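Number of protein chains: 4
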Amino acid sequence: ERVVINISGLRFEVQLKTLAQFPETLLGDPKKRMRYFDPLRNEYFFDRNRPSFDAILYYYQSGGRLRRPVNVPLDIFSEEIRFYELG
Amino acid sequence: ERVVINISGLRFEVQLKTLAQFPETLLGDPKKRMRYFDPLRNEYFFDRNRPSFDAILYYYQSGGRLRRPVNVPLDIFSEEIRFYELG
Amino acid sequence: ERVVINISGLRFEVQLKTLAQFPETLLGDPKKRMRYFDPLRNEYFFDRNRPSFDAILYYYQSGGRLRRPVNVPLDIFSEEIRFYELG
Amino acid sequence: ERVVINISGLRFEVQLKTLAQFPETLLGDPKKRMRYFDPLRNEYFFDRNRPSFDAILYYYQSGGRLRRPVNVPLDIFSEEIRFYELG
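Residue numbers (the deposited numbering), protein chains in the order written: chain C, 33 to 119; chain A, 33 to 119; chain D, 33 to 119; chain B, 33 to 119.
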C-alpha cells in the first residue's frame, strides 16, 4: 500500500494511492516510475536533489499544492519540476 | 516510554508523557492517534508534510509554544496546525 | 571511537575525540552526558529540538565556531546553547 | 555501483560514476576518499557539517555547478568546498 522513494539516500514513504492522483507524472505512472525501480532493495531510486523532494511529494499529498522550498533556488527547483513531469 | 512517529518516512521519537500534556490534540488523544497506528512496525504513520513536523513536535516539547518555522509557508503550516488539532 | 547521539529520533554520529575537546560542556563531560545514556540502544538520547543540533555538533567539529541555523529562532537556539552548557 | 557517504550520521547515496566525473576532487579520487572508508560499514564517513553536504553532492549531480545553500554561511561553506577539493 506504500512504496519507498529513495532520493540520493533520503528515504520517503508514500501511499501508492497518493501518487495515483496524478497519473500523467513520472511518479504517478507505473510505466515511467518502473525505470527507477531497484529490484534488489524494493524501492525507487533517484540520483537527485534531496531538498527539492519534500515539495515534490507535498504536491501529491496536498492534492495539488506546488510550493518551492525557501532553501532551493528557483532555477534548481524548476528543473526538478520538469524532471518529475508535473507541468 | 517512547513512541515513534513516522512522517512520510522521517522518524521522530517522543515520550508519551509529553504528548499526554495536551489531551485535546490528535497526538495527545489515544482514540485519535490510534487511527494512524501501525501494529507491525509499532509506530504512528502520517502521509504528510515533513518540514512542518519539527514545529509540531516543538509545541509538545516547549510546553505549548506554537512557532512557525521560517521555511514553512503560513497557509501550509496553518493546515498542519489544524490537522494535528493544536489550536 | 564514535558515539551515537539521538535527538528526538534523529541520529548523529560523532567521534568521541570531537566531543572531548570541550570537557566543561554537557557532551564533553562524561558525568553529565552519562545522565542521557541509554544502555538498551547504546546511544545518548535527548528529547530536544532537532534543527538546532547540527549547529551544536558543528561547534565541536569546527573547534569552536558557534553559528545559529537560519531556520531556528534566536531565543530557541539560545536555550539550546544553555542546555548543552557551551557558554 | 553505488557509494554511501555518511556525514556525521546522515547517509547520502550516489552512483560511483557521478563522483568519477571529477577525479581531481577528494570524492572523485580513489586514493583520497579511501582514507575515509569504513570496511565494516561499506561507507565513507566524514565528521563534518551536515547542511553543507547537499550542495557538495549537487556539484557532482549538476555536472559541476557550485551553489552555496541559502542557510549555510559563506565562511562555513567555503571551508567545506576547500576540504572536498572542489575548486
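Cβ coordinates follow ideal geometry from the N, Cα and C atoms, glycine included.
- In the displayed model, A/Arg-65 falls within a helix according to three-state DSSP.
- If you check each beta-carbon in the stretch 68 to 101 of chain A against every beta-carbon of chain C, the ones closer than 8 Å belong to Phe-77, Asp-79, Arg-80, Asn-81, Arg-82 and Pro-83.
- A Cβ-Cβ separation of about 11 Å leaves B/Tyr-90 out of contact with B/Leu-118 under the 8 Å criterion.
- Between B/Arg-80 and D/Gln-47, the C-beta spacing is not below 8 Å.
- By the neighbour-count criterion, in which a residue is buried when 16 or more other Cβ atoms sit within 10 angstroms of its Cβ, B/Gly-95 is exposed.
- When CB distances to chain A are screened at a threshold of 7 Å, the residues of the stretch 38 to 64 of chain C falling below it are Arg-43, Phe-44, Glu-45, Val-46, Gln-47 and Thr-50, in chain order.
- Cβ-Cβ distances below 8 Å link B/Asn-103 to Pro-83 in the same chain, with the five nearest sequence neighbours on each side left out; the list follows chain order.
- By DSSP's assignment, C/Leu-42 forms a beta bridge with C/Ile-39.
- In this structure, C/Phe-44 keeps its C-beta atom at 8 Å or more from the C-beta atom of C/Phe-77.
- For A/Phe-69, the closest alpha carbon among the candidates A/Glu-111, A/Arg-114, A/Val-36 and A/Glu-56 is that of A/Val-36.
- Taken atom to atom, the span from the alpha-carbon of B/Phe-109 to that of B/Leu-59 is near 17 Å.
- Excluding five sequence positions before and after C/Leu-106, the CB atoms of its chain that fall closer than 7 Å to its own CB belong to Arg-100, given in chain order.
- Relative to A/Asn-38, the option among A/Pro-71, A/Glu-111, A/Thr-57 and A/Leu-98 whose CA is nearest is A/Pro-71.
- Shown here for B/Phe-54: same chain residues with a beta carbon closer than 6 Å to its own, the five before and five after excluded, namely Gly-60 in chain order.
- For C/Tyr-76, the uninterrupted beta strand (DSSP E) segment begins and ends at 75 to 78.
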